[PDB]
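Let me begin by presenting the structure, written as C-alpha cells, before commenting on it.
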Amino acid sequence: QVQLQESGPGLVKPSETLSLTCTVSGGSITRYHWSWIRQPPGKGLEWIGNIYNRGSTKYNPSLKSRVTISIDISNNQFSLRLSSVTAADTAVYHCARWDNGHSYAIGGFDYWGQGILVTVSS
Amino acid sequence: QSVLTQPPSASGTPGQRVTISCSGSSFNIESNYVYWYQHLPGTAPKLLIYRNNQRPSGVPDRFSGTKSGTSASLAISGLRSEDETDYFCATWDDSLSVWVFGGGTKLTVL
Amino acid sequence: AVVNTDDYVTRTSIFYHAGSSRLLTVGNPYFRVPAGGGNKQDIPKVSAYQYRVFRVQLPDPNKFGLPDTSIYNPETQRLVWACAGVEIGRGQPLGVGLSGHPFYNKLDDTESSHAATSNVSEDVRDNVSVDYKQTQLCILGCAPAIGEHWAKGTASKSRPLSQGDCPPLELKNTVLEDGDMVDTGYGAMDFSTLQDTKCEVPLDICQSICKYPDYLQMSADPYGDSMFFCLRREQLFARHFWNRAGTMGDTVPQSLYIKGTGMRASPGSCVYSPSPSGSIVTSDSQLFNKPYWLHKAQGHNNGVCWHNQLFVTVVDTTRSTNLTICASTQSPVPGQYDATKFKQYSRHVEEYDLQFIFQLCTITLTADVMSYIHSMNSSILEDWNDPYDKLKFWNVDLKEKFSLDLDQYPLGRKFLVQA
Amino acid sequence: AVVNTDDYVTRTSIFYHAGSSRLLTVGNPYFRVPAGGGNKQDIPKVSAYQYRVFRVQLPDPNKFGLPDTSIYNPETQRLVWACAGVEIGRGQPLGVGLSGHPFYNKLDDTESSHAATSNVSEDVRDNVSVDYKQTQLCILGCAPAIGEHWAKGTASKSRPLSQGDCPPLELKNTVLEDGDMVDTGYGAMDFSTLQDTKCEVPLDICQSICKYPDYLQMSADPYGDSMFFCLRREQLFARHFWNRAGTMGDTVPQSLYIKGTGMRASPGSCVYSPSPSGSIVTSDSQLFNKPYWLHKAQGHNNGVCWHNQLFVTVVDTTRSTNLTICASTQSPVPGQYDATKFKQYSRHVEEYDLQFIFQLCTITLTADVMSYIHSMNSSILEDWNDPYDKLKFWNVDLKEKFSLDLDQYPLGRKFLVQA
Amino acid sequence: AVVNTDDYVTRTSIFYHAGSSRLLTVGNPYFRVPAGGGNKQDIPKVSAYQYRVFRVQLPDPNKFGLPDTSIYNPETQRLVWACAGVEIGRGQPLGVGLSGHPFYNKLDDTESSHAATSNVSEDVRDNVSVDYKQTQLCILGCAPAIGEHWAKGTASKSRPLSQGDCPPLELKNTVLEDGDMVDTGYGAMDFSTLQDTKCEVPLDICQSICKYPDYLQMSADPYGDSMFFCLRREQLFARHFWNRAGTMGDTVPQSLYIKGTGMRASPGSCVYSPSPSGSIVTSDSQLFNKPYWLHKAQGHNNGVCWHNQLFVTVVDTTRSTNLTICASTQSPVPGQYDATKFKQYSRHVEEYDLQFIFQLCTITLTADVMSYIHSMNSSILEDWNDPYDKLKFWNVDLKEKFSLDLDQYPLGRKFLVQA
C-alpha cells in the first residue's frame, strides 16, 4: 500500500522559507500527480499545488508567487518551498497522491499523508 | 465558492442513517466529480467516495454518495462507534482553477 | 437493351464554348448566419468540404440560331448538346482549413499519455478542431450524381426500438445537392439522427448529412445519365486517437479482457474515433484547373446532355482556407489589447470558373429511335414536340453565353490545340 | 507432371458478365454482440481488417441454356468457366479507423520520455487505441486461399511444457475463410492461445487468429487452384514505442548491460511493441474499384473455375471508418449535457460490388485428358458424370445472374473496350 | 475579335541573349527598418514570401543595332522582341525560414488536450512563429500579372456597417508588383483592413496585402498580355491547430450543440486557424534554375514582348533562410555570457539571375493589321511613330546586354542544344 511521509522543520521563523519534503513508500512517483494541501487551525483545507510525473507544475494562484514544488525521482520524493511565510501559514501540511493523467485515474487524492504541523512564530 | 458549504457538525443514532451535505456552485460541484474523504485528527485522511458514488477497495459498502444539482451528499447507514470522525468533500473549481475542500463535518455518534 | 448513344446521336463538327463569367460565394464555413445580428440577409454556409453541384442550363438547339440552317431537317431531326470538354477552374489559393467543435465529445487521448488530461471533470468535452480528408471529385452527367449515406432505419411496429439502443443503419441513396457535405474522414452518415449528443463531430458536419457518391450505382446505371465523367482524389490519415465519452451500449465481452481492481474493474470507453487529416495539399495532386475531354464515357451516355442541361458535382477541399476577420468593437482601434473588444469571424470563400466545350449533335428521329428514347425518358420527346424542381442546385445559365469562336477562350484554345 | 491448363482447355469466343448488385454488412468492428439489449439478432464482427472471402457460385455450364447448343458435343466434351476479368468495387468512402483495448498491456512510453527503469507490479493498463497496417490484398482462385499464422506447438509427452514458459511457435497453414483476421502490424499469430493476458492487442484481434496469406505455399501449389490472381499492397510504420508490463521470462544476460544502484540494479521490461499505423490512405494507391484481366496466371490454372465456383479473398483496410452512433437514454434529448445519458456504439460498414467477366470453355474429354483431370481431382468427373462444409465463406450466388449482354454492365463495357 | 499573334508577326531566325548578371537584395524579412539607429539608408523588407516582379527593359529594335540592316523595310515593317526562352536562376541555398508574431492571437491548441482549456479574460497572445506554404510561381508576360485578394467592401450610405460587425468581403484584382506579399497559407486577404487586431498573423503579413495570381482572369484575357508563360508549385499542410481568442460575432447556434455546465455553459472560441507549413523543401520539386522554352503559349501572345518590355513575376519560397546576425554591444566580445549584450538581427537575402533568349520579329504594317494593333493598344503605334508609373517594379535594364553570340552564355548554349 502507498504510504506518504512528511519531513521538515516544525518551527519556521517569519519571513524565512518553509521547506518540506514528502517521501513515498510502497509506490512509484513517475505515474500520478502529487499535491500539497494545507489546513490552518480553525478552518478547512487549502490547496497549494501539484507536481506532475514529467515535472510540470500547477499552483494555487493566490500562493502562485510564493510556492515552488520540486520532484526528485531518484530519491522518490517531492518537496514544497514556501517563501515569505506569515502567521497565517501555520498549518498542518499533507502531501497527497492526486490520481490524474490517465484513462483510469479516479481523480482526487486516493492516498494522503499524515501531515506535519508547521507553526510560524518568532 | 472557495469553501464548500458543509454543516459544522452532524449527529445520529447508532444503526441509523446520517447524511452530510456539501453545497458548492456550477463551476466546482456540478461540473466536476466530488470526492468524500474521512479524516481523524492525528491520522492521514482516508478516501471513502470517488466519482460521486464509487467506493475503493476496503471501504465498507454502507457508505454511499449522491450528487444532485450543485449539492452532494454522503450517507452513512448503520452508524458505528468508529465513525466518530471528520468527513469532508473535495472538488475542482474551474472558475478559481483550484482544489476546493469542504470545511469539515465532525460527526458525533450519539 | 440499352444501346450506346453513338448509334442514334450523330456528332457533327460544330463546336461551341460555354463559360460562366466568375462564380463567387462567401460565407461562414460552419453554420448559416441568419440576418438580424448586424448584417443584411442571411450569410450562407459556404465550406470547401461541401458539394458544389452546378446545374448548367443550356439553350435549346432547336430554337436558337445556327451557323447553317440546312445542317438538319426539323421535320425528321432534333438536336442535343454533348459535352466535348470541361474546365473547372479554381481561383483561390491552395490552403488548409479547420473545422471544430467547442464541445468535442472525446474522453481520452488513446494515442498516448498527453499530460494535459484531467479526470476530475464530469464533462470532458473541450474545444477541438481538426482538418478533414483531402477530397477532390468531379462528376459530369446530364442527371445529378447519386450520393450514399447511412441513416436510421424505419421503426418496426411489431418490435419498437427502445430508447438508448443503437438504431438500425440503412444506406440511403439520395441526389447530391448543392450544399450537401462531403465525406470528412468521419464517414458518410446522417449525423443529425444517428448522433444525438451533437458533440462527436465538428461544427459543420454536426447537424449535416455527410454524403459519399455511390459510384457503384452511377456506373451500374443502365443509361449512364447520372455520371458520364468522373475524377477522384482522396487522401487522409489519423492524427490523433480519441475515445468517446458515454455509456458503452455494446458492452465488451468478458472473454476479451481480464478485470482489474477499481476503475480497471470495468472496461473503459471502447468507441474510438480518429482525427482525419488530408496529409499534404500539393499542387501536383490537383485534378482541377486542368482540361478534361470526353471522347469516351463510362456509360452508354457519351456526354450527351439530355434536356439541354448538365450537372457538375465538384468537391475541392484543397482550397479550404477560412479567412479570419477581426472587427474592433470601438471605432478607434484601442491602443492596448483587450480580447473582449475584438469580434472574430470565420469566412470561407469559393471561387469557381466553369468552361465547357459542347458539340452539336443531330438525332434522326426514326420510329425505333423515337420508341427507344420514349422508353428511356419520354420528357425528351415532350420537350422536342422538371423532376428536379424541389431540389437545390447552383444554377448557372449559359443560354446567352454560347459562342462559335473557340479561340477567344482558354478551353477553346486547348481544344483547338488537341484537334 | 502437371501441365498448364491451356493445353486441354479450349477457350470459346463467347463471354458472360456476372455481378452481385450490392453486398452490405453492418456490424461492430471489435466483437460480435449477442442477442438482446435491443438487438433481436446478433451483430456480427464486421471489420475492415478482416478477410472477406466470397464463395462465388456459378451455374453448371453443361445444364443451362446457351446461345448456340452446337458449340460443344455432350458425348465427348464438357464445359467449364474461366475468369476472364474481375472488378471488386469497394464502394465505401475512404477512411481511417481505430481498434483499441480498454486494458492495453503497455508499461510506458519507451520512445522519448524518461518514463521508468524498473519492474512494475501494479496495474498500469491504459485505454489505448491504434490504427493498423494499411493493406489491400485481392486473391482469385477456384480454391480458397491458404493463410499462414504462428500458434502453439503440440504438447510433447516426453518433455511436457512447464506453466509460464514460452510455448514453441509453429507455423499453421489454415484456410483463409470469411471472418478471419488479416495481419494488423502485430504479426500473423494466434493471439487467443499465445497471449494469455488478453491485453496486448486490441479487442478485434485479442482472441482472434490473425492470418497472413502464404503466397509462397499457394504459388508452389502444383495446380495453382488456390490462387491464380493476386494483388498485394501493404504499408505501415511505428507511431509509438511501448514496453510490455509483466515478468520477463527470458532474462537479459549480464553480459549485455552494466548494473546500476537501486532502481537500475535490475533491468526492467524489455519486450517492446510498436504501434502499427498505415501511413496515409490515398486514393491513387488503391488496387480496388479497378478492372483486372486474367490473360495469364501465375500457376498452371489460368483462371479456370473448377466445380463451377470461385473464391475471392479480399482485404481492403483503406475504408476502415467506424461510424460512431450515440443514442440518448431519455426520450427527449436534454438541454443540459450528461455523459452517462448517451449510449455509444461503433459500427463498421462493408460495401461490395463483385463483377466478373467469365469465358465459356470446353474440355475435349479424351482418355489422357480425363485421366489427368481425375488424377488432379476426382470430383470434377463425378460432377460432370463438398470439402468446404465447415468453412465459413460469404456465399454469393450468381446462378441466375449470368448475362450475354456485356455492354449493359460496367465491367462488360471495359472488357469490350479493352478487347 | 482577338487573333493569335502568329498570323501577323513574322518570326525571324535572329536570336539574342539577355541577362542580368546578379540581382542581390538584403533586407529584414518582416518589416522595413528606417534609418536613424546608427546606419545609412533604410533596410528594405526583403522576404522569400514576396512577389519579385522584374520589369525587364528591352532595346527598341527599330533603332537597335542589327546584323542585317536590309532584313526588313523601315517604311512598311516594324520590329518587336519575342521571348523564346527563359531561365530564372536562383542563387541562394534551399532553406526553410520562419516568420512570427511576438503577440500571436491564438487562444489554445485545439489539436488535442491542452489543459487550462478556458482562458476567461486577460491577454493570451503568445510569441508564435510559423513557416509558410512552399510556393514557387513564375509568370512571364508583356504586362504585369493580375493578383486577387479579399478586402473590405464599400459601405453603403443607406445601410452603414455597425462597428464590430463583419465587413463584406470583396475580391479585388490588382496588379502584382514588386514587394507584394504572396499568399502564405493564411489566405489571399488584405490583413491591414480585415484584421483590426494586428496580432492574428505573422509580422511580414500582419499589415500587408497577401495576393494570389488570378490565373482565371489573365488566362481569360483576350490578348493574353499579362501571362503567356506560367509555372505553379504549391505545397502546404497544417502543423498546429489554433483557436482565435476574442468575442464571436457569429454565435454558434443552440441547436448545433448541447449546453454544458459551468465553464462549458457557453461555447468557447470557434474561429480556428491552422498553422501553414511547406512540408519538405526538396530539390527535384524546384521549377527554377531550369530553362523553359516558349514555342506555344496559353494565350494569344506567343511570347511577343510589346512596348519592348517584359514582366517576370516570380516568387520562390524554397530559399527562405533568414540569416541571424548577432552583434555584441561591447567592442571586445566578452568571455562571460550576458543575454542583453548581444543584438539579434534577421536578414533575408534574395539572389536572382534573369536570363532570356529573345527572337527578332517583323510586323508587316498592313492597314487592317495596323488597325488591329491600334485596337489592341494605341500606344504601340505611338512608340513606332506608361500606365505602370506608380506601380513598384524591380526594373532591370537589358538595353545594353543583348548579344548575338549565344554560345558564350549558359541559356544560349542550352537553346542551341535544344534547337
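Lettering and numbering for the C-alpha cells are positional, with chains as A, B, ... in the shown order, residues counted from 1 in each chain, and ligands counted from 1 in the shown order.
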Show me, as a JSON list (two decimals) with N, CA, C and O atoms, in the first residue's frame, the residues of chain C whose atoms get within 6 Å of chain A, using only C-alpha atoms for the distance check.
```json
[["chain", "number", "residue", "atom", "x", "y", "z"],
["C", 115, "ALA", "N", -0.36, 14.35, -20.76],
["C", 115, "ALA", "CA", -0.04, 15.19, -19.59],
["C", 115, "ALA", "C", -0.90, 16.44, -19.49],
["C", 115, "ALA", "O", -0.65, 17.29, -18.63],
["C", 117, "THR", "N", -4.41, 15.81, -19.68],
["C", 117, "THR", "CA", -5.70, 15.22, -19.36],
["C", 117, "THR", "C", -6.00, 15.36, -17.87],
["C", 117, "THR", "O", -5.13, 15.15, -17.03],
["C", 118, "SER", "N", -7.24, 15.72, -17.56],
["C", 118, "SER", "CA", -7.71, 15.84, -16.19],
["C", 118, "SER", "C", -8.96, 15.00, -16.03],
["C", 118, "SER", "O", -9.93, 15.18, -16.77],
["C", 119, "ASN", "N", -8.93, 14.08, -15.07],
["C", 119, "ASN", "CA", -10.03, 13.15, -14.84],
["C", 119, "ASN", "C", -10.95, 13.60, -13.71],
["C", 119, "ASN", "O", -11.74, 12.80, -13.20],
["C", 120, "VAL", "N", -10.87, 14.87, -13.32],
["C", 120, "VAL", "CA", -11.70, 15.38, -12.24],
["C", 120, "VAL", "C", -13.02, 15.96, -12.74],
["C", 120, "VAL", "O", -13.97, 16.07, -11.96],
["C", 263, "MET", "N", -11.16, 1.30, -10.96],
["C", 263, "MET", "CA", -11.54, 1.79, -12.28],
["C", 263, "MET", "C", -11.23, 0.79, -13.38],
["C", 263, "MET", "O", -11.86, 0.84, -14.44]]
```
Given a cut-off of 6 Å, which residues of chain A touch chain B, counting only C-alpha atoms, written out as a ChimeraX atom specification? /A:44-45,47,60,110,112-114
Using only C-alpha atoms, what does the table of chain C residues within 7 Å of chain B look like, with each row giving the shortest atom pair and its distance in Å to one decimal, sorted by chain and ascending number, as a tab-separated table?
```
residue	atom	partner	partner_atom	distance
C:120	CA	B:33	CA	5.5
C:121	CA	B:32	CA	3.9
C:122	CA	B:32	CA	5.0
C:123	CA	B:31	CA	6.6
C:262	CA	B:56	CA	6.2
```
Convert the current residue selection to file output with N, CA, C and O atoms, as a PDB file, in the first residue's frame.
```pdb
ATOM      1  N   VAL C 120     -10.867  14.868 -13.320  1.00  0.00           N
ATOM      2  CA  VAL C 120     -11.695  15.381 -12.236  1.00  0.00           C
ATOM      3  C   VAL C 120     -13.016  15.962 -12.738  1.00  0.00           C
ATOM      4  O   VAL C 120     -13.973  16.073 -11.958  1.00  0.00           O
ATOM      5  N   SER C 121     -13.114  16.294 -14.023  1.00  0.00           N
ATOM      6  CA  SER C 121     -14.314  16.910 -14.569  1.00  0.00           C
ATOM      7  C   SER C 121     -15.237  15.853 -15.157  1.00  0.00           C
ATOM      8  O   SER C 121     -14.786  14.911 -15.815  1.00  0.00           O
ATOM      9  N   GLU C 122     -16.538  16.013 -14.907  1.00  0.00           N
ATOM     10  CA  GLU C 122     -17.517  15.087 -15.463  1.00  0.00           C
ATOM     11  C   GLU C 122     -17.686  15.295 -16.961  1.00  0.00           C
ATOM     12  O   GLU C 122     -17.758  14.325 -17.725  1.00  0.00           O
ATOM     13  N   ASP C 123     -17.753  16.546 -17.395  1.00  0.00           N
ATOM     14  CA  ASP C 123     -17.895  16.891 -18.805  1.00  0.00           C
ATOM     15  C   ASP C 123     -16.484  17.174 -19.309  1.00  0.00           C
ATOM     16  O   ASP C 123     -15.886  18.196 -18.969  1.00  0.00           O
ATOM     17  N   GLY C 262     -10.875  -1.624  -9.077  1.00  0.00           N
ATOM     18  CA  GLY C 262     -11.216  -0.211  -9.063  1.00  0.00           C
ATOM     19  C   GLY C 262     -11.748   0.235 -10.410  1.00  0.00           C
ATOM     20  O   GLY C 262     -12.672  -0.375 -10.950  1.00  0.00           O
TER      21      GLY C 262
END
```
Could you write out as a list in words the residues of chain D within 6 Å of chain C, counting only C-alpha atoms?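 For chain D, the answer reads residues 38, 95, 98, 102, 127, 128, 129, 198, 280, 281, 282, 283, 321, 325, 326, 327, 328, 329, 339, 340, 342, 343, 344 and 346 of chain D.
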Here CA of residue 363 in chain D and CA of residue 419 in chain D stand apart by 23.9 Å
